[PDB]
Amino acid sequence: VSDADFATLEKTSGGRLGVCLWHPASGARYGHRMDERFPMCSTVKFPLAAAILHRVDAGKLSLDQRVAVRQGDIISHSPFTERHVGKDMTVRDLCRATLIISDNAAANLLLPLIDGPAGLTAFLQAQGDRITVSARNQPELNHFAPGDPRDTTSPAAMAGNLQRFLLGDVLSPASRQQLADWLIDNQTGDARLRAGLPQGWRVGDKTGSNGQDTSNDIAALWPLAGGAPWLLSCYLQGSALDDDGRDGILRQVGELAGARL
């Protein structure tokens, strides 16, 4: 209900908590460290998917075109792409895999279609996000050092990107609704913002974790009653809490946001 509540939550969070709760239709905004840089981790996959869909909308790409999968493409935590070595996958299926289960090789196979991390960054800049910097592919995009902006975003920037790509018309209506359905089908966020959020809200989200001290969760919140959605951007970096502990913080971020709805 206030900015103070998130700053208080940070104290028990173990590290650096960044939260942006934003209601574009009213201009309401709440959070904490909303303009500081945080490692994106796997949340970079959300702008990656939007960049792909934008190129599809422009006719420079097809969701039905197929990308070849080679053994050298496979890296850790790639549950769908590892089954297609020696054949190909549609771009649409690559997008879905990287989004809803965080297929890492899927991300690496999509990136060259939008000219890699520099191409992702240029897309974000053209669309209005001048903070987010996408520099490396997987797994090294999960590296973070303070003062090193590579593969970082800010809670405000990523809430902005949720608004641009899901709510504005950066994307065609078919693309923006497919992107939404992918977030709604996310498989990795059940213990995170969703677990704290109140009944009556449809959640689409995308998560990330470095497995040691960082967990991120970005979400769109549509009222099932219909009406104007909220965006919720959460980055927890350098926490003493492990993944389950950081899940508990993300859950509590959902509980605070839920009271202000």
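Start at 1 and count along the sequence shown; that's the residue number.
J.: Would you tell me which stretch averages the higher CA B-factor in the PDB entry, 181-189 or 142-150?
T.: Higher mean C-alpha B-factor in the PDB entry: 142-150.
J.: Of the two stretches 36-44 and 55-63, which shows the higher Cα B-factor on average in the entry?
T.: Mean B over CA atoms: larger for 55-63.
J.: Take the CA temperature factors straight from the PDB entry and tell me which of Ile101, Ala159, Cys95, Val170 peaks.
T.: Among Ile101, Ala159, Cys95, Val170, the highest C-alpha B-factor in the entry belongs to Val170.
J.: Sorting by Cα B-factor within the chain, modelled residues only, which third would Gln125 end up in: lowest, middle or highest?
T.: For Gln125, whose C-alpha B-factor we compare with every modelled residue in the chain, the answer is the middle third.
J.: Please place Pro24 in the lowest, middle or highest third of its chain according to the CA B-factor in the PDB entry.
T.: Within its chain, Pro24 is a lowest-third residue by C-alpha B-factor, going by the deposited values.
J.: Could you look up the Cα B-factor of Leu241 in the entry and say which third of the chain it sits in: lowest, middle or highest?
T.: Ranked within chain, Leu241 CA B lands in the middle tercile.
J.: Considering only modelled residues of the same chain, in which third does the CA B-factor of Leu224 rank: lowest, middle or highest?
T.: Highest third - that is where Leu224 ends up once the chain's C-alpha B-factors are sorted.
J.: Would the CA B-factor of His77 place it in the lowest, middle or highest third of its chain?
T.: Middle third by C-alpha B-factor.
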